[PDB]
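So the structure is just underneath, and the comments pick up after that.
Every number here is computed from the coordinates shown, using simple stated rules; none is lab data. We place every Cβ from the backbone using ideal geometry, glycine too, and count neighbours over all the protein chains shown.
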Ligand code: HEM
Ligand code: HEM
Ligand code: HEM
Ligand code: HEM
């Protein structure tokens, strides 16, 4: 994905300020409340009935931490995304059967969580940068389908 | 795209019976009636206001003939689809700005036109084959975006 | 949403289907399972072979629920309220799979009512099925 | 469709936006043009630089049309009938581009009303915008 040095500076700067414990927990928490059918995948995480149960679940926050870890890995190697997310594209496709529209949903919920945390620091130029990242990551994590 | 010799026999047999004048004209005609926003791309083809005007337009039928030609070309070389639809992916992306959800719409309208013509000859096994073709062709004609 | 011309077309064209609704419903499900085999996972306990009585029975039900919907095409969220409760709360079908069963119904009609399948009917029947899909994939009441 | 709990949430949360509707509408359009630049092509004659009076004016209008929609959240297709006639018949905006302006409004609210943006509000405001998008991309009356 083609980023200029100003965009890549913005991405890395505001990524450096992220609290990498809570963000993944929030992002994945919001996903399960806003796009309910996604719950069907995590029915092994116990109670997910009321927004407060989803945000209060320890496994959700736990699993969230891994997801944001995987975004961080993929933000390191922007040059080679298909090589990075190889086993995951296999994982999410051949076993779980998560259809690829759901990836670009998770990406957009992420960007809403970041603007929530960084308030006015999340400017349009920064947003435009991160939109290109989470496109790549989604578009690359589902190429085993096609 | 992975086709078995039975599927490829079915594809080529029922493709052999297609009247390659009218089908493209019908398919593209239906597209403009069922997904109206698509008209914005062909506003240079004059009157498109009433279903009868769209089906009665000569340029629509004319342009349709080329589209089905391009499907025929891509059905020849199933092994190498990305090499085939190289200039078109550039054409439809970099100049016209047709977004890639519209490709999988055209593909599905095509399959409805074929079942309309071949009636009961269009069986589930045949359908399953053609669905894999028009997926490939759509998924390959829009890789210049990602 | 749905024009008054489209409401007529749906009533008329679904009238011509009439009493083969069971059979068309079955054939639709059958095309869908073959074409998009990841859709099977919602039916783990069915016997999804060729010509099973389970599938043929299920298709009857679907086809009848759609007949009911066409009867009340004006106040649809009340009519389809038990189905929404099933497909949306309990089963959690995601709305992509509605787009494939709606596609496989239109292929089936076009392969059996060739005369009644003019563009204007295609255009209306597509909107109708799309409305229905939206009621069943949401949590209201 | 829209639960009675979601209708409340939309009214309450859009109430808290209140009188900065002009500014939020503008910032939404501005993020959208930067993020997804193929959306510009619908506005060929505007001056889409930073801080243009044209864009700031347009955003006022959008934001007001949405305020009107929230007033009549129960009978929405009548209220939004002139807009549908514009975005659907004349302009022929395709419905993908609604999903980007709806996204860029939520980012904008979350960056300005952090306290009011709980999951339940996020969930409702998403459905609301989605309904509105569907009325404006269809030909009825
Ligand atoms: C878009 C970026 C995404 C990334 C980077 C990502 C990353 C990951 C990673 C690293 C794992 C491995 C954790 C494990 O060992 O279980 C995983 C598992 C999983 N992901 Fe994702 N994922 C993404 C999107 C999605 C979406 C959209 C869904 C569902 C709608 C989903 C559902 C799951 C599930 C169900 C598992 C396995 C859960 C388990 O075994 O406990 N993922 N994901
Ligand atoms: C999915 C398979 C598709 C194939 C195989 C296909 C094929 C072609 C080909 C071969 C041309 C070149 C004709 C020329 O020189 O103008 C072309 C042009 C064009 N296509 Fe497509 N196309 C597809 C989908 C679409 C879709 C979905 C749209 C719009 C929604 C579209 C809109 C156009 C337009 C506007 C032109 C140029 C029209 C003109 O210059 O007169 N195409 N297409
Ligand atoms: C498009 C219109 C659809 C209609 C009108 C419809 C209608 C129905 C009806 C009336 C039932 C109740 C039958 C019963 O009580 O067993 C039912 C059950 C069911 N439907 Fe649907 N359905 C539709 C789409 C879908 C789709 C797309 C899926 C999955 C891909 C699905 C999966 C199911 C399942 C799993 C059941 C329960 C079957 C069981 O109890 O074993 N439906 N449907
Ligand atoms: C999501 C909710 C939307 C609302 C509530 C909305 C509302 C409005 C309103 C009230 C007007 C009338 C202003 C006037 O008369 O000039 C308008 C005009 C317009 N809207 Fe929208 N709109 C929305 C989405 C979109 C989108 C997604 C696009 C394109 C990507 C778009 C493109 C336009 C254009 C081109 C005009 C005409 C501007 C002109 O006359 O130069 N709108 N919109």
Checklist line | the protein assembly as shown, helix-only ellipticity at 222 nm - DSSP H runs n ≥ 4, -39,500 (n - 2.57), divided by all residues, nearest 500 | finding: -19500 deg cm²/dmol
Item checked: Projected area averaged over orientations for the protein assembly as shown, convex hull of C-alpha atoms, nm² -> 25.5 nm²
Checklist line | Inter-probe distance in nm under a simple model that places probes 7 Å from Cα toward Cβ, at residue A:76 and residue B:53 | finding: 6.0 nm
Notebook entry, point to check: Between residue B:104 and residue D:83, what is the FRET efficiency for a Förster distance of 25 Å, r being their Cβ-Cβ separation, to the nearest 0.05?
Noted result: 0.35
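Remind me, what semi-axes does the range B:81-146 give for its equivalent ellipsoid, largest first in whole Å, using sqrt of 5 times each Cα gyration tensor eigenvalue?
Working: eigenvalues 141, 28, 14 Å².
Ellipsoid semi-axes (Å, largest first): 27, 12, 8.
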Notebook entry, point to check: Taking chain A as a Gaussian network, where each spring joins two C-alpha atoms under 10 Å apart, which residue of A:71, A:85, A:45 fluctuates the most?
Noted result: A:45
Check: In peptide A:44-56, what is the residue-averaged number of other protein chain Cβ atoms found within 10 Å of each Cβ?
Finding: 1
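Do you know the relative contact order of the range A:4-75, to the nearest whole percent, from alpha carbon pairs under 8 angstrom that are 6+ apart?
Here the relative contact order equals 40 percent.
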Notebook entry, point to check: What is the projected area of the convex hull of the Cα atoms of chain D, averaged over all directions, in nm²?
Noted result: 8.2 nm²
Next item on the list: Sort shortest first the distances from residue B:76 to its counterpart in every other copy, using label points 7 Å along the Cα-to-beta-carbon line, and give them in nm.
Entry: 4.7
Next item on the list: State, to one decimal in nm and shortest first, how far the label point of residue B:47 sits from each corresponding label point in the other identical copies (label point: 7 angstrom along Cα-to-Cβ).
Entry: 6.7
Note to self: Taking 51 Å as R0, compute the FRET efficiency from the Cβ-Cβ separation of residue D:68 and residue B:9 and round it to 0.05.
What the structure shows: 0.30
Check: Which whole number gives the average count of other chain Cβ atoms within 10 Å of the Cβ atoms across peptide D:112-118?
Finding: 2
Margin query: Rounded to whole angstrom, how close does the nearest chain D beta-carbon get to the axis mapping D onto C, and which residue is it?
Written below: D:134, 4
Next item on the list: Along Cα-to-Cβ, 7 Å out, sits the label point; list in nm, shortest first, how far the one on residue C:53 is from those in the other copies.
Entry: 7.9
Next item on the list: Find the Cα radius of gyration of chain A, compare it with 2.2 N^0.38 Å by division, and give the number to two decimals.
Entry: 1.04
Next item on the list: May I ask for the distance between the Cα centers of the range D:1-39 and the range D:62-105, given as a whole number of Å?
Entry: 12 Å
